[PDB]
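What follows is one chain in structure tokens, specifically the form deposited in one PDB entry.
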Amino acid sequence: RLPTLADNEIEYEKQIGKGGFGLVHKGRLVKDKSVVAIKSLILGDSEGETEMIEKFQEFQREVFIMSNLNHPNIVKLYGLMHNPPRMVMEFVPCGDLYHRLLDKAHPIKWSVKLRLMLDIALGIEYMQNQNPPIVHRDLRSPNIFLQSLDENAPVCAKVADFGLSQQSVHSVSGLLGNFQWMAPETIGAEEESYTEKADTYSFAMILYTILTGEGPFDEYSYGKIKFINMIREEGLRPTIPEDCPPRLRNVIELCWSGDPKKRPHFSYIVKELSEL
């Protein structure tokens, strides 16, 4: 159940569009003056082959997944527009976590790093409590949008970009490609099954990057086959700094366990992060 918005329920402000299947624009809800980011579907007759034009399949999935999600730490879907098909999302004003962590001259202060860790944990906790659980499959720092970096803000971080997401009463499967964020059972083949526990591993890498300001596995360099084999068969993981608080170190280490069953439920993750 998602609301339909006309053309004159929203007024555009400007474009901003680094988007997977069309443009992104900033605008406003005429009713609220709620600020809003509008993602359009554009097939584009010329460039793409028939196979690539879906990609209508991705836009559709993102709508269907988002339609049931309502939580403060998940980017909210306000409505749908037609001609062209568009998702109207809440506008999140402070960019994304990946680009913020690149600013090394201005490191994020510790209390704000814990706010970010907990906000993202609460959003994934909510996903994993859905029936059936939502599997995002693309959790990484560019897909964490920052609402505010004030440590007393109601909401600092939100989970975004559910285009690859699954919610099935069956086994989930599919090879995943950004490998330094993805669980080992997802990077070997199309062939093997896995669950929401693959997102719990990605969340470990998000804890790592917030802790250190550095990209997961950037301390290693290997050819692609050897890198995958090391992560899958030799337990290769990023090095957690010696000064990491021990409760955070344990949460990260359990969350990136090679055995998906050993990665904790989010009620345990949330409790431990709240005690830091």
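If you superpose the two forms and keep the largest set of C-alpha atoms that fall within 1.5 Å, you have the rigid core. Start at 1 and count along the sequence shown; that's the residue number.
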*When the C-alpha temperature factors are averaged for each of 37-45 and 231-239, which stretch ends up with the higher value in the entry?*
37-45
*Between the two ranges 52-60 and 208-216, the one averaging a larger CA B factor in the entry*: 52-60
*Peak C-alpha temperature factor (PDB record), options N129, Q180, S171, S141*: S171
*asked:* Checking the record values for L176, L102, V159, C94, which has the greatest CA B factor?
replied: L176
*Tell me, lowest, middle or highest third: where does the Cα B factor of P154 rank within its chain?*
middle
*Sorting the chain's CA B-factors, does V88 end up in the lowest, middle or highest third?*
middle
*Sorting the chain's CA B-factors, does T200 end up in the lowest, middle or highest third?*
lowest
*Which third, lowest, middle or highest, does the CA B-factor of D119 fall in along this chain?*
lowest
_Using the temperature factors of the C-alpha atoms in this entry, rank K76 within its chain: lowest, middle or highest third._
middle
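The following text describes the form deposited in another entry, which does not appear among the structures shown.
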_For the core superposition between this form and the one not shown, please identify the residue among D243, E219, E47, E234 whose CA shift reaches 2 Å or more._
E47
*After the core is matched up, is the C-alpha of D96 off by 2 Å or more between this form and the one not shown?*
no
*Is the C-alpha displacement of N131 equal to or greater than 2 Å between this form and the one not shown once the rigid core has been superposed?*
no
_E191: after superposing the rigid core, is there a C-alpha shift of 2 Å or more between this form and the one not shown?_
yes
*Any idea whether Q60 and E191 get closer or farther by CA distance in the other entry, knowing it moves 3 angstroms or more?*
closer
*Versus the form shown, are the CA atoms of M52 and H82 closer or farther apart in the other entry, given a shift of 3 angstroms or more?*
closer
